[PDB]
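Chains as they are written, first to last, in PDB author numbering: chain A, 51 to 101; chain L, 51 to 101.
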């Protein structure tokens, strides 16, 4: 009985962990978009600096 | 990420620098015209000097 419980818990635990990776990837997409927007802002600031 | 930022900044920086050269050339055209006007004035002064 103990082994069955562990096996169930491990698989389910494994099944939830994939979800954590998915959440990280989702955050990364948004973060990547933010970074892209930021790169443009820095370039614009450099252009803006000239007298 | 750092390299991308530098590359963006360098290109944009390079793009603004050409503009500096353009401004120098524009000033030089005006300056050249002023110099041409001045050359005539000096010659006129020399002509004017005679008794």
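Just so you know, even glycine gets a beta-carbon here, dropped at the ideal spot from N, CA and C.
Spatial distance of residue i from residue j (CA atoms)
i	j	result
residue 75 of chain A	residue 88 of chain A	20 Å
residue 98 of chain A	residue 64 of chain L	13 Å
residue 69 of chain A	residue 92 of chain A	34 Å
residue 100 of chain L	residue 90 of chain L	17 Å
residue 78 of chain A	residue 66 of chain L	33 Å
residue 95 of chain L	residue 55 of chain L	59 Å
Residue range of the alpha helix (DSSP H) that includes residue i
i	result
residue 64 of chain L	52-99
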